[PDB]
């Protein structure tokens, strides 16, 4: 992927009136697909009386990792889904999802008309989105002894590190994650803790 990226620091909600109809775009931070799906429910729930609830998202890598998605929910194919996705791709903001909510007003508009209501809707919201940088943790592996477990968890946590997954065999096989800034400080701390016999390694297979 890439070093770091920007993500949403706060949700956004904007509304608009097109030919007596009611379009309400709602943005928000969503890391991963469950997250995206998570608030589609809330926006649907919240507006049962609205005919359509079109979606789109990126689970940001940002635009490097394609955890991209969309949906028309009854609006003419390629007219309520892709348009809003291309805005999210246009923004260059990872980990975000969008929902347009349609309340039919009695007057129907063309294929163009729908595209400017959906694509455009995500466009307006995007003008009010506040962001924040996000440097993802780096992941390494580390084989230690059981009598060093608690000790290592603690050192890890002091370096803003997180123990990803454990494997309890004859020895402990740990998959750790920590800021790439703090690796050298962690290694040093680690070596002093074990008299230089612990060996932290950088993942490779994937």
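Residue numbers count along the first chain shown, from 1.
Remark: stretch with higher mean C-alpha B factor among 140 to 148 and 158 to 166 is 158 to 166. Mean CA B-factor, 46 to 54 versus 170 to 178: the higher value falls on 46 to 54. The entry lists a Cα temperature factor for residue 20 that places it in the middle third of the chain's modelled residues. When the modelled residues of the chain are ordered by C-alpha B-factor, residue 119 sits in the lowest third. Remark: residue 105 belongs to the highest third of its chain, ranked by C-alpha B-factor as recorded.
In the deposited entry, the Cα temperature factor of residue 135 places it in the highest third of its chain's modelled residues.
Ranked against the other modelled residues of its chain, the C-alpha B-factor of residue 74 as given in the entry falls in the highest third.
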